[PDB]
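Remarks on the structure that follows.
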Amino acid sequence: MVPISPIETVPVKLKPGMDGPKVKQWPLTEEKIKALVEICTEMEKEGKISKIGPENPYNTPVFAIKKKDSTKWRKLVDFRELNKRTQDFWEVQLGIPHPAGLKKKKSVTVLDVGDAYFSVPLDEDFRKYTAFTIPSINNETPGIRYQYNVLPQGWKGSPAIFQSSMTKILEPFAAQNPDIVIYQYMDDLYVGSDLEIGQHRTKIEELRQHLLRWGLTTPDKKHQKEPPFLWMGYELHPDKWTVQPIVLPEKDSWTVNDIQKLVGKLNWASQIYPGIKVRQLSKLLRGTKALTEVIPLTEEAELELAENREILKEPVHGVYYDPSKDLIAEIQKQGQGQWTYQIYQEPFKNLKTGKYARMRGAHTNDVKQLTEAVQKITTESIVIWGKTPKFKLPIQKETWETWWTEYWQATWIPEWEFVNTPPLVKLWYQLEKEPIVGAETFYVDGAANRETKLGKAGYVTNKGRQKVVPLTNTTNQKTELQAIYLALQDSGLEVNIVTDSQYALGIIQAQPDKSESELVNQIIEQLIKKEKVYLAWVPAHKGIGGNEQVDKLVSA
Amino acid sequence: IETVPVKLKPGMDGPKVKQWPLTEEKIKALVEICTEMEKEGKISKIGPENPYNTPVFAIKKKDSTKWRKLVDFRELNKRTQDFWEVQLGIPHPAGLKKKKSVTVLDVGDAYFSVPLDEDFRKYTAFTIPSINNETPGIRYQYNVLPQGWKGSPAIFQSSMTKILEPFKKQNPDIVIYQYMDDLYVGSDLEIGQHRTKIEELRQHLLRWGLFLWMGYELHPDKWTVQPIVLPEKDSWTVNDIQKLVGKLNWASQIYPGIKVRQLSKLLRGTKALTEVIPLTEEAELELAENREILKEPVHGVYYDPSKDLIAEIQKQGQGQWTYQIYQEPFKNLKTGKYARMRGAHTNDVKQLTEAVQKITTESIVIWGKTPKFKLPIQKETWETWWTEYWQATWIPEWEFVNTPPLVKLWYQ
Ligand SMILES: Cc1cc(/C=C/C#N)cc(C)c1Nc1ccnc(Nc2ccc(C#N)cc2)n1
Ligand SMILES: Cn1ncc(C(=O)O)c1-c1ccccc1
Ligand SMILES: [Mg+2]
């Protein structure tokens with residue numbers, strides 16, 4: 001015998017207050033029982049499970065299933081109840097690597113470690129909770145009782161415990177061989193390197209020898225699995241990567257389900273196919289949530305779809321990460337709240353692409369959206385590469401300086417340079433910091449009856465210009481904006497506007513360039529046409545002439 | 001030695017807080033730091049049967065070139081029991097904020113000398129992530145009192161008291177106050193004398209069993225406030241008077257007897273914003289009466305130690321920031337303004353992060369706890385960047401203001 005090192009068990013507990021499962025084993029056909037007895041006899045000989053006495057009070061149901069197109073049976077132990085009762089574990093499989101963060105490798109070898117998985121020992125004190133029962137022929141003897149000695153397939157803790165155990169075994173090999181990478185996925189180890197090929201295979205043999213110390217055997221035959229690897233919806237090649245084939249179906253009519261699937265594919269595709277858009281197609285999923293409902297595609301959605309088909313006409317690949325070079329991220333505005341981006345190191349060789357969509361909200365502007373997109377790409381890049389890329393943005397340096405210095409919030413974007421690629425993000429208006437000499441002063445107000453929704457909006461000016469308009473289906477807040485609109489509409493190129501509307505100020509001080517409100521949009525269009533606008537706020541009902549005059553006019 | 005038993009509050013599990021993305025330089029720094037800590041027995045590797053997590057990152061304190069591990073125990077601290085067993089409580093010293101100099105020491109390293117209760121260790125789990133999640137995150141827990149944890153100064157308190165005993169007895173007028181990993185040491189000595197006493201104090205700690213060498217110097221007796229003040233002008237435009245009436249209206253929520261009747265009457269008619277308006281005598285009297293009211297303290301203002309402190313900050317432009325700390329609206333306990341610089345002349349978010357730290361420091365010195373911030377910044381911008389500029393060993397709580405406050409005008 002060659003001594004092997006035992007794998008240390010991970011101590012396991014049920015959730016506080018909970019006991020183990022006690023679930024009835026339902027009858028099986030005579031055929032299934034003979035099959036299970038045979039299966040379990042082999043497992044028992046291999047040390048995976050053990051017969052137990054009548055004292056153990058727990059139970060998990062066992063089943064026998066036909067794979068398909070065979071005479072063979074397989075055992076299935078249904079651990080659903082035990083899983084509900086088993087403690088949570090640390091899950092490492094959360095956060096899978098992005099292909100764009102990987103490094104190119106000359107060689108990648110796959111090693112089968114299937115013998116390891118079904119051979120990690122289970123915490124002795126926990127084994128009792130895994131008890132199951134093969135029913136007896138004709139139910140005339142006690143059913144055969146077994147419990148697990150190893151991590152059972154389908155039990156809550158098996159993946160975490162297998163991963164942690166394998167990692168611990170591999171750790172010294174990885175540490176003392178910094179010229180290879182090792183990655184564990186399901187049943188296999190993947191080993192990559194840039195070594196001269198003879199040296200690479202030597203490393204593989206050394207790894208096999210290392211694993212042998214725990215009794216882990218790997219098949220003598222060299223793996224059939226070789227690059228390219230189909231993995232987590234990607235294709236990995238030695239020196240490039242892509243998403244698995246994206247094929248958009250032809251359909252004469254589309255349902256909720258079809259569109260959700262369309263968008264999923266588009267979203268998946270957008271990490272390497274530049275320019276993918278999903279705004280119009282996503283709009284069709286607004287509300288709804290009735291799966292079989294057919295929705296007509298708007299002309300807009302049709303155009304978006306056709307634009308995507310073109311983008312997806314031929315394969316595109318990303319390159320891997322070279323740590324010795326800067327990462328560069330470039331962003332374009334696409335319209336309707338949509339932004340697209342590319343991250344590269346060498347010109348014309350993307351590591352990945354992506355998109356960002358405007359957050360829901362009544363009012364917004366391009367600079368805020370660009371800023372949000374920058375933060376999102378920054379955070380993604382920290383995840384993937386551990387560093388912020390240098391940005392190329394379609395906004396002039398002077399425009400940014402004016403924006404951030406005058407904006408009421410703190411705001412920042414990291415190191416960036418202007419790229420002159422239309423459409424450029426710009427400031428559409430900026431309000432005056434001081435009242436304008438020689439500009440007419442409009443005192444505005446509005447009011448509405450909250451019952452009838454009848455209102456009035458209007459203004460009076462220092463030149464005696466006046467206007468009041470009677471309105472239906474309005475509200476006090478809406479009349480306040482309506483009044484400001486009228487003052488903008490009726491004034492010359494420079495204008496001072498005095499309002500008591502905290503609501504209106506709150507919106508305008510937010511500097512929107514676009515809004516869901518047609519009225520706010522019209523106000524924005526008016527501001528864009530002015531040379532100078534000063535907006536002054538006063539408290540309501542304070543005897544502030546101009547303001548009180550117009551408040552009275554618009555009241556009733 | 002021989003642990004103090006600790007528990008979480010009843011009916012709550014340990015923290016399960018996601019580790020946020022770390023830069024390569026911070027990951028490398030943390031790997032190096034934790035390898036050493038593990039060798040020294042301060043932390044140990046843990047297994048998958050521990051599902052808890054608390055975020056970790058790394059900072060560089062003021063005037064230092066080496067990384068410091070910073071654990072964000074905000075969640076664990078909420079979930080940890082309050083400590084009333086060994087001690088009844090330690091009243092906050094009102095004299096600390098009165099000293100000519102207060103120096104802040106990092107004494108967190110002393111905590112590592114006391115073992116952490118074996119049954120509690122699991123709740124201190126943390127992860128060093130890998131770039132692109134290519135290798136499993138490195139999982140550890142503490143074996144000793146961790147820096148940043150609420151329980152550490154509480155459990156180390158009897159040890160700290162013995163250490164400082166001969167320094168306190170020898171220097172009876174020096175105020176020493178401990179908050180988390182910080183020790184605050186105040187004196188009225190000349191700066192050179194003060195400095196030698198600090199170094200004197202350090203040696204006591206160095207003498208015992210072992211960023212301590214550092215010193216963050218404050219001068220709370222010079223700290224200033226912002227009363228409400230009104231312009232003094234020889235000519236008032238319609239606009240100036242509107243601004244005045246608006247500021248007074250706002251002030252009248254804080255101060256009872258403020259009047260604007262007479263001033264509001266000045267603009268009678270619908271006048272050009274830039275037209276100059278002479279003040280009437282009635283309006284002048286009213287303004288004068290208002291000025292006098294504003295020179296008095298606000299009525300019914302008191303600190304309640306059972307209530308949160310709230311801190312609001314406004315961006316005033318040109319690197320200027322105003323702030324107010326309060327518990328009830330319009331009852332400000334402290335107001336202030338930083339017109340200052342440091343770095344960050346082209347970086348709003350660095351400026352704001354420095355402001356948050358200075359305000360938190362003031363809060364600790366005055367009331368012995370941190371305020372809950374209302375920050376004038378989008379959540380995503382703050383969350384992406386604040387850790388890059390953080391230099392303190394504690395972290396306060398914060399929320400985000402998305403609507404521009406109209407009152408920024410009046411703190412300007
Ligand atoms: C995440 C990962 C998945 C697989 C495989 C998963 C599967 N199936 C294989 C490996 C070796 C890794 N780990 C790493 C780590 C750093 N660089 C790389 N680069 C890299 C990996 C594969 C190919 C190829 N062909 C090229 C480069 N891989
Ligand atoms: C110009 N515009 N655009 C939308 C609206 C509206 O009331 O919704 C208006 C408006 C209508 C009446 C008075 C003022 C504005
Ligand atoms: Mg009104």
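A note on labels: chains of the structure tokens are A, B, ... as shown, every chain counts residues from 1, and ligands are counted from 1 in their shown order.
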Near-ligand residues for ligand 2, threshold 6 Å, only C-alpha atoms and all ligand atoms, as an NGL selection string
:A and (482 or 485-486 or 518-519 or 522)
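Residues in contact with ligand 3 (atom pairs separated by at most 7 Å; only C-alpha atoms and all ligand atoms) are residues 445, 446, 447, 500, 540, 541 and 551 of chain A.
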Contact residues (chain A, partner chain B, 7 Å, only C-alpha atoms) as JSON, numbers by chain
{"A": [10, 11, 12, 88, 89, 90, 92, 95, 96, 97, 98, 101, 160, 161, 164, 375, 379, 382, 383, 384, 385, 386, 387, 405, 408, 409, 410, 411, 412, 435, 437, 440, 441, 461, 462, 506, 509, 510, 538, 539, 542, 543, 544, 545, 546]}
Any chance you can output those residues with N, CA and C atoms as a tab-separated table (two decimals), in the first residue's frame?
chain	number	residue	atom	x	y	z
A	10	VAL	N	-15.46	18.62	6.09
A	10	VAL	CA	-16.03	19.91	6.47
A	10	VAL	C	-17.20	19.63	7.42
A	11	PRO	N	-17.16	20.24	8.62
A	11	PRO	CA	-18.24	20.03	9.59
A	11	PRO	C	-19.53	20.69	9.12
A	12	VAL	N	-20.64	19.97	9.20
A	12	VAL	CA	-21.90	20.43	8.64
A	12	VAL	C	-22.99	20.39	9.71
A	88	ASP	N	-26.78	27.02	5.15
A	88	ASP	CA	-26.21	27.65	3.97
A	88	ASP	C	-24.70	27.48	3.98
A	89	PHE	N	-24.08	27.50	2.80
A	89	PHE	CA	-22.62	27.43	2.67
A	89	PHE	C	-22.08	28.62	1.91
A	90	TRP	N	-20.77	28.81	1.97
A	90	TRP	CA	-20.13	29.81	1.13
A	90	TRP	C	-20.15	29.33	-0.31
A	92	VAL	N	-18.79	29.75	-4.00
A	92	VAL	CA	-17.71	30.35	-4.79
A	92	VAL	C	-18.11	30.51	-6.27
A	95	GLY	N	-20.10	34.75	-9.39
A	95	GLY	CA	-19.04	35.47	-10.06
A	95	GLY	C	-18.19	34.52	-10.88
A	96	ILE	N	-18.63	34.24	-12.11
A	96	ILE	CA	-17.82	33.48	-13.04
A	96	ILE	C	-16.90	34.45	-13.79
A	97	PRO	N	-15.70	33.99	-14.17
A	97	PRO	CA	-14.76	34.85	-14.89
A	97	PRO	C	-15.36	35.31	-16.20
A	98	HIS	N	-15.08	36.55	-16.60
A	98	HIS	CA	-15.46	36.98	-17.94
A	98	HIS	C	-14.33	36.65	-18.91
A	101	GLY	N	-11.38	39.03	-19.47
A	101	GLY	CA	-10.37	39.21	-18.44
A	101	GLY	C	-9.30	38.11	-18.44
A	160	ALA	N	-20.19	23.10	-2.99
A	160	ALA	CA	-19.30	23.98	-2.23
A	160	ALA	C	-18.18	23.17	-1.59
A	161	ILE	N	-18.55	22.03	-0.99
A	161	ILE	CA	-17.57	21.21	-0.29
A	161	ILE	C	-16.60	20.53	-1.25
A	164	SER	N	-14.22	23.43	-2.41
A	164	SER	CA	-13.28	23.84	-1.37
A	164	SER	C	-12.22	22.77	-1.16
A	375	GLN	N	-19.63	55.28	-14.84
A	375	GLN	CA	-19.55	54.57	-13.55
A	375	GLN	C	-19.76	53.06	-13.71
A	379	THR	N	-16.99	50.16	-12.94
A	379	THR	CA	-17.19	49.09	-11.97
A	379	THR	C	-17.03	47.72	-12.63
A	382	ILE	N	-13.23	47.17	-13.04
A	382	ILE	CA	-12.60	46.74	-11.79
A	382	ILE	C	-12.82	45.25	-11.61
A	383	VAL	N	-14.04	44.77	-11.81
A	383	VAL	CA	-14.31	43.34	-11.68
A	383	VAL	C	-13.44	42.48	-12.60
A	384	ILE	N	-13.38	42.87	-13.86
A	384	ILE	CA	-12.77	42.02	-14.88
A	384	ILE	C	-11.24	42.13	-14.90
A	385	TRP	N	-10.73	43.35	-14.77
A	385	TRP	CA	-9.30	43.60	-14.96
A	385	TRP	C	-8.63	44.21	-13.73
A	386	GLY	N	-9.42	44.62	-12.74
A	386	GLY	CA	-8.84	45.17	-11.53
A	386	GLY	C	-8.34	46.59	-11.73
A	387	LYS	N	-8.80	47.26	-12.79
A	387	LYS	CA	-8.39	48.65	-12.97
A	387	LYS	C	-9.37	49.43	-13.84
A	405	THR	N	-18.75	72.01	-12.63
A	405	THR	CA	-18.49	73.13	-11.74
A	405	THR	C	-19.80	73.78	-11.31
A	408	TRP	N	-25.41	71.11	-9.03
A	408	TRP	CA	-25.66	71.20	-7.58
A	408	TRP	C	-25.12	70.01	-6.83
A	409	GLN	N	-24.98	68.88	-7.52
A	409	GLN	CA	-24.37	67.70	-6.88
A	409	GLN	C	-22.87	67.59	-7.13
A	410	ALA	N	-22.18	66.87	-6.24
A	410	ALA	CA	-20.82	66.46	-6.48
A	410	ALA	C	-20.87	65.47	-7.62
A	411	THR	N	-19.91	65.56	-8.53
A	411	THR	CA	-19.87	64.61	-9.63
A	411	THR	C	-18.45	64.51	-10.18
A	412	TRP	N	-18.09	63.34	-10.73
A	412	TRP	CA	-16.71	63.07	-11.15
A	412	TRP	C	-16.69	61.99	-12.21
A	435	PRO	N	-29.44	88.41	-12.21
A	435	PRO	CA	-30.53	89.01	-13.00
A	435	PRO	C	-29.95	89.84	-14.14
A	437	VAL	N	-29.75	92.92	-16.63
A	437	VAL	CA	-30.11	94.32	-16.87
A	437	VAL	C	-30.71	94.44	-18.27
A	440	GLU	N	-36.68	92.16	-19.89
A	440	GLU	CA	-38.02	92.24	-19.31
A	440	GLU	C	-38.19	91.19	-18.20
A	441	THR	N	-38.87	91.57	-17.13
A	441	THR	CA	-39.07	90.71	-15.97
A	441	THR	C	-40.52	90.19	-15.97
A	461	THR	N	-45.65	91.65	-16.45
A	461	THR	CA	-44.26	92.10	-16.54
A	461	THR	C	-44.10	93.57	-16.18
A	462	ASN	N	-42.85	93.98	-16.00
A	462	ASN	CA	-42.54	95.38	-15.71
A	462	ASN	C	-42.88	96.33	-16.86
A	506	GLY	N	-37.37	72.93	-8.68
A	506	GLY	CA	-36.77	71.63	-8.45
A	506	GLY	C	-36.48	70.88	-9.73
A	509	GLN	N	-33.82	73.27	-11.83
A	509	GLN	CA	-32.48	73.16	-11.26
A	509	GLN	C	-31.84	71.79	-11.50
A	510	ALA	N	-32.64	70.80	-11.92
A	510	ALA	CA	-32.10	69.48	-12.26
A	510	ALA	C	-31.51	69.43	-13.69
A	538	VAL	N	-39.32	83.22	-5.34
A	538	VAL	CA	-39.79	83.96	-4.18
A	538	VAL	C	-40.80	83.12	-3.40
A	539	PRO	N	-40.95	83.38	-2.10
A	539	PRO	CA	-41.96	82.63	-1.35
A	539	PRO	C	-43.37	83.09	-1.72
A	542	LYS	N	-46.64	86.38	0.05
A	542	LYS	CA	-45.82	87.20	0.94
A	542	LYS	C	-45.92	88.69	0.69
A	543	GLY	N	-46.80	89.09	-0.23
A	543	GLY	CA	-47.01	90.50	-0.51
A	543	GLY	C	-45.98	90.98	-1.50
A	544	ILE	N	-45.32	90.02	-2.14
A	544	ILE	CA	-44.37	90.30	-3.21
A	544	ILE	C	-45.10	90.62	-4.51
A	545	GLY	N	-45.42	91.90	-4.68
A	545	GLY	CA	-45.90	92.47	-5.92
A	545	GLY	C	-45.27	91.88	-7.17
A	546	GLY	N	-46.03	91.94	-8.25
A	546	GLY	CA	-45.72	91.17	-9.43
A	546	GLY	C	-46.27	89.80	-9.11
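Atom CA of residue 178 of chain A lies 26.9 Å from atom CA of residue 242 of chain A.
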Find the residues near residue 395 of chain A: any atom within 8 Å, counting only C-alpha atoms, skip ones fewer than 4 places away on the same chain, and give them as an mmCIF file with C-alpha atoms, in the first residue's frame.
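Heads up, here's the output in out-v4.cif:
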data_model
loop_
_atom_site.group_PDB
_atom_site.id
_atom_site.type_symbol
_atom_site.label_atom_id
_atom_site.label_comp_id
_atom_site.auth_asym_id
_atom_site.auth_seq_id
_atom_site.Cartn_x
_atom_site.Cartn_y
_atom_site.Cartn_z
ATOM 1 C CA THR A 399 -18.592 71.219 -21.777
ATOM 2 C CA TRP A 400 -17.670 68.875 -18.911
ATOM 3 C CA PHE A 418 -12.610 63.919 -25.945
ATOM 4 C CA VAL A 419 -13.310 61.940 -29.105
ATOM 5 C CA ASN A 420 -14.961 63.899 -31.891
ATOM 6 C CA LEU A 424 -21.695 64.921 -29.206
ATOM 7 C CA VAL A 425 -23.097 65.405 -25.736
ATOM 8 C CA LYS A 426 -23.568 69.083 -25.030
#
Pull the closest atom pair for each residue of chain A that gets at most 6 Å from ligand 1, along with the distance in Å to one decimal, counting only C-alpha atoms and all ligand atoms, ordering rows by chain and then ascending residue number, as CSV.
residue,atom,partner,partner_atom_place_in_ligand_line,distance
A:97,CA,ligand 1,1 (C),5.5
A:102,CA,ligand 1,17 (N),3.9
A:103,CA,ligand 1,17 (N),4.1
A:104,CA,ligand 1,27 (C),4.4
A:105,CA,ligand 1,27 (C),4.7
A:181,CA,ligand 1,15 (C),5.5
A:182,CA,ligand 1,11 (C),5.4
A:183,CA,ligand 1,12 (C),4.9
A:190,CA,ligand 1,11 (C),4.9
A:191,CA,ligand 1,11 (C),5.1
A:192,CA,ligand 1,11 (C),4.9
A:227,CA,ligand 1,25 (N),4.5
A:228,CA,ligand 1,25 (N),5.1
A:229,CA,ligand 1,8 (N),4.6
A:230,CA,ligand 1,8 (N),5.5
A:231,CA,ligand 1,8 (N),4.4
A:236,CA,ligand 1,25 (N),4.4
A:237,CA,ligand 1,25 (N),3.5
A:238,CA,ligand 1,25 (N),3.9
A:239,CA,ligand 1,26 (C),5.9
Take the residues just selected and output them with N, CA and C atoms as an mmCIF file, in the first residue's frame.
data_model
loop_
_atom_site.group_PDB
_atom_site.id
_atom_site.type_symbol
_atom_site.label_atom_id
_atom_site.label_comp_id
_atom_site.auth_asym_id
_atom_site.auth_seq_id
_atom_site.Cartn_x
_atom_site.Cartn_y
_atom_site.Cartn_z
ATOM 1 N N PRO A 97 -15.700 33.992 -14.165
ATOM 2 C CA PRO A 97 -14.755 34.850 -14.894
ATOM 3 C C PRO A 97 -15.357 35.311 -16.204
ATOM 4 N N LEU A 102 -9.570 37.049 -19.193
ATOM 5 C CA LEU A 102 -8.642 35.930 -19.279
ATOM 6 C C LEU A 102 -7.399 36.362 -20.046
ATOM 7 N N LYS A 103 -6.333 35.592 -19.875
ATOM 8 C CA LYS A 103 -5.074 35.823 -20.575
ATOM 9 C C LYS A 103 -4.934 34.787 -21.692
ATOM 10 N N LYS A 104 -4.366 35.179 -22.832
ATOM 11 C CA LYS A 104 -4.137 34.202 -23.893
ATOM 12 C C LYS A 104 -3.196 33.092 -23.416
ATOM 13 N N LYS A 105 -3.449 31.867 -23.851
ATOM 14 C CA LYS A 105 -2.574 30.758 -23.457
ATOM 15 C C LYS A 105 -2.143 29.982 -24.689
ATOM 16 N N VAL A 181 -1.992 28.279 -15.041
ATOM 17 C CA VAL A 181 -3.260 28.601 -14.393
ATOM 18 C C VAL A 181 -4.067 27.321 -14.305
ATOM 19 N N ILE A 182 -4.827 27.157 -13.227
ATOM 20 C CA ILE A 182 -5.663 25.976 -13.058
ATOM 21 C C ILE A 182 -7.072 26.407 -12.722
ATOM 22 N N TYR A 183 -8.045 25.817 -13.405
ATOM 23 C CA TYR A 183 -9.437 26.168 -13.171
ATOM 24 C C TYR A 183 -10.301 24.923 -13.122
ATOM 25 N N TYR A 190 -8.853 22.362 -15.762
ATOM 26 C CA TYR A 190 -8.276 22.930 -16.974
ATOM 27 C C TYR A 190 -6.958 23.576 -16.594
ATOM 28 N N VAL A 191 -5.896 23.201 -17.288
ATOM 29 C CA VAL A 191 -4.588 23.753 -16.995
ATOM 30 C C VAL A 191 -3.996 24.471 -18.188
ATOM 31 N N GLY A 192 -3.757 25.766 -18.039
ATOM 32 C CA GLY A 192 -3.192 26.530 -19.129
ATOM 33 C C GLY A 192 -1.816 27.083 -18.853
ATOM 34 N N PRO A 227 -9.407 22.751 -27.098
ATOM 35 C CA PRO A 227 -9.928 24.018 -27.628
ATOM 36 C C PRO A 227 -10.493 23.845 -29.044
ATOM 37 N N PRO A 228 -11.599 24.538 -29.359
ATOM 38 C CA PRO A 228 -12.328 25.492 -28.502
ATOM 39 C C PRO A 228 -13.241 24.861 -27.448
ATOM 40 N N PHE A 229 -13.342 25.508 -26.293
ATOM 41 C CA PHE A 229 -14.234 25.049 -25.235
ATOM 42 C C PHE A 229 -15.563 25.773 -25.305
ATOM 43 N N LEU A 230 -16.654 25.016 -25.271
ATOM 44 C CA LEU A 230 -17.972 25.618 -25.098
ATOM 45 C C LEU A 230 -18.234 25.701 -23.595
ATOM 46 N N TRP A 231 -18.371 26.917 -23.070
ATOM 47 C CA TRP A 231 -18.369 27.117 -21.622
ATOM 48 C C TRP A 231 -19.195 28.324 -21.252
ATOM 49 N N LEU A 236 -14.324 29.528 -25.909
ATOM 50 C CA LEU A 236 -12.959 29.929 -25.590
ATOM 51 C C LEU A 236 -11.983 29.277 -26.577
ATOM 52 N N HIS A 237 -11.152 30.089 -27.224
ATOM 53 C CA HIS A 237 -10.086 29.583 -28.083
ATOM 54 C C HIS A 237 -8.765 29.972 -27.424
ATOM 55 N N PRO A 238 -7.647 29.388 -27.874
ATOM 56 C CA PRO A 238 -6.373 29.726 -27.233
ATOM 57 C C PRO A 238 -6.053 31.220 -27.219
ATOM 58 N N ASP A 239 -6.515 31.967 -28.215
ATOM 59 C CA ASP A 239 -6.076 33.350 -28.368
ATOM 60 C C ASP A 239 -7.194 34.328 -28.725
#
Write down as a PyMOL selection string the residues belonging to segment 201-294 of chain A that are assigned helix (DSSP H, G or I) by DSSP computed on the backbone.
chain A and resi 201-212+256-269+279-283
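Ranking A:253, A:258, A:521, A:415 by their shortest atom-to-atom distance to residue 365 of chain A, with only C-alpha atoms included, puts A:521 first.
The residue set within 9 Å of residue 127 of chain B, counting only C-alpha atoms and dropping same-chain residues fewer than 6 places from it, reads residues 19, 53, 54, 55, 56, 137, 138, 139, 140 and 141 of chain B.
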Keeping C-alpha atoms for every residue in the selection just given, could you write it to a file as a PDB file, in the first residue's frame?
ATOM      1  CA  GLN B  19     -17.497  41.928  -1.245  1.00  0.00           C
ATOM      2  CA  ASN B  53     -19.112  37.788   4.971  1.00  0.00           C
ATOM      3  CA  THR B  54     -18.060  41.347   5.697  1.00  0.00           C
ATOM      4  CA  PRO B  55     -16.420  43.558   3.025  1.00  0.00           C
ATOM      5  CA  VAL B  56     -12.745  44.424   3.198  1.00  0.00           C
ATOM      6  CA  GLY B 137     -11.536  34.215  -3.058  1.00  0.00           C
ATOM      7  CA  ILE B 138      -9.287  33.779  -0.020  1.00  0.00           C
ATOM      8  CA  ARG B 139     -11.471  33.236   3.030  1.00  0.00           C
ATOM      9  CA  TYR B 140     -10.448  34.188   6.571  1.00  0.00           C
ATOM     10  CA  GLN B 141     -11.853  34.893  10.028  1.00  0.00           C
TER      11      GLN B 141
END
